[PDB]
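[1] let's see this in three dimensions:
(chains A and B, ligands or ions: 1)
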Protein chains: 2
Amino acid sequence: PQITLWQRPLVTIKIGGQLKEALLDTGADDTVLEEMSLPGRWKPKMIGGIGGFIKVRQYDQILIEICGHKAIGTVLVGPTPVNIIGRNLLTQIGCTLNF
Amino acid sequence: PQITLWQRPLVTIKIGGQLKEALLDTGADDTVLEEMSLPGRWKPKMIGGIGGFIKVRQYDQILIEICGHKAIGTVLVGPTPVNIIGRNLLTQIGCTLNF
Ligand SMILES: COC(=O)[C@@H](NC(=O)[C@@H](NC(=O)[C@H](C)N1CCC([C@H](C)NC(=O)[C@H](C)N)=C[C@@H](Cc2ccccc2)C1)C(C)C)C(C)C
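    Numbers count the residues shown, from 1 in each chain, chains lettered A, B, ... in the order given. Dropping the coordinates below:
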């Protein structure tokens, strides 16, 4: 769809059996999601952001359905305020920026 | 133009007679630039990102030329890593998300 930006660009995702709303973020390289129950093994990592750095669990090859399109990639689960869908997955569902 | 997302969406802005480069961020509600010499009166404000909170100087009514397009808005200048063009200016240059 075409999404104008007079409101936050949130979209429903289906991840690990659960339904969530995540923000479409072109300024984020990675997908970072708030703490939730995910199947499997993971590696600790520390991602940087504007207020500093947070420690996250890294899950690779996690299937996620962003507004009906399916994608498989790495998801970082941690202390994020909002669920962030970053550029490693937006490229997969074919998303572009236009002006 | 149309921007795909395999690389960061960085564009050239002209602000306060200085040439800068900045991230086109759909996920940010506000625009926040690195520390710079800018004339005027500003107000103390503090914003959040992941990792936490930074104190910034907010300035209203500043002209920014984002890839040639002129826009007048609120710009926050402070200790950010990258310069971020958030939704208050992105709606002015007509930017939309497509997929
Ligand atoms: C560096 O690796 C990454 O890709 C990280 N990327 C970033 O932090 C990048 N920035 C962003 O994604 C943008 C600017 N953004 C940060 C500030 C930001 C805006 C400026 N904050 C606000 O408007 C608050 C509500 N006043 C929102 C972030 C999402 C969010 C929402 C609510 C509370 C906290 C965070 C998203 C830059 C620093 C490379 C991910 C952790 C998101």
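[2] which strand residues bridge residue A:66?
    residue A:13, residue A:69 (DSSP bridges).
[3] run a quick neighbour tally on it.
    Counted with other CB atoms under 10 Å in any protein chain shown, residues neighbouring residue A:66 total 22. All C-beta atoms are positioned from the backbone trio N, CA, C, and that covers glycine.
[4] one more: residue A:61?
    Counted by other CB under 10 Å, the residues lying close to residue A:61 total 9.
[5] swap in the one 3 residues further on?
    Residue A:64 is surrounded by 22 other residues when neighbours are defined as other CB under 10 Å.
[6] near the ligand, which residues of chain A?
    Taking CB under 6 Å from any ligand atom, the part of chain A that reaches the ligand is made up of A:25, A:27-30, A:32, A:47-50, A:81-82, A:84, A:86.
[7] restricted to strands, list these.
    If you go by DSSP state E, the residues of chain A next to the ligand have A:32, A:47-49, A:84 in strands.
[8] save these as a markdown table, and put in distance to residue B:10 and neighbour count too.
    What follows is those, written out as a markdown table (distance: CB to CB, whole Å; neighbours: other CB atoms under 10 Å in any protein chain shown):
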| residue | distance to residue B:10 | neighbour count |
| --- | --- | --- |
| A:32 | 21 | 25 |
| A:47 | 19 | 20 |
| A:48 | 17 | 12 |
| A:49 | 18 | 18 |
| A:84 | 19 | 24 |
